[PDB]
């Protein structure tokens, strides 16, 4: 059974945690303990091929800025997350991708752009802006909602598809 080492990156106050938590946790249990091992591992079926997702989310450690390279090098694919109510977090994505390209030492690293919607304030990054940015990098854009759990599966599953497309090519 193939295992996919995924890594979540982005600014703080983005909902990086909520994205990964909502993937992992059962659809109708609002509960989580990040200390146990099932916290970051999920068996899933994507395009009829069973696989194991290993998600690294280091949310809360953004101030340890010199540890990003270390954490990033563990990944095969990356979710670059911004918040649709925080323009700065969207403008930061360029740096994260450039850092990922440097760590992995590759121009095409499996990658998806994710715009997360939690609660107020209101949207400042229109989906068109993100679709355009994603197109310039040659990667998928997925928009997700922390409240409703919409988009969460699609975001991770798309990354897995990008990893599979990269491994043939």
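Numbering follows the first chain given and starts at 1.
Per the PDB record, of the two stretches 20-28 and 154-162, 20-28 carries the greater mean B-factor over its C-alpha atoms. When the C-alpha B-factors of 135-143 and 44-52 are averaged, 44-52 comes out higher. For the set 105, 108, 57, 126, the PDB entry puts the maximum C-alpha B factor at 108. As recorded in the PDB entry, 122 shows the highest C-alpha B-factor of the residues 116, 70, 122, 61. When the modelled residues of the chain are ordered by C-alpha B-factor, residue 130 sits in the middle third.
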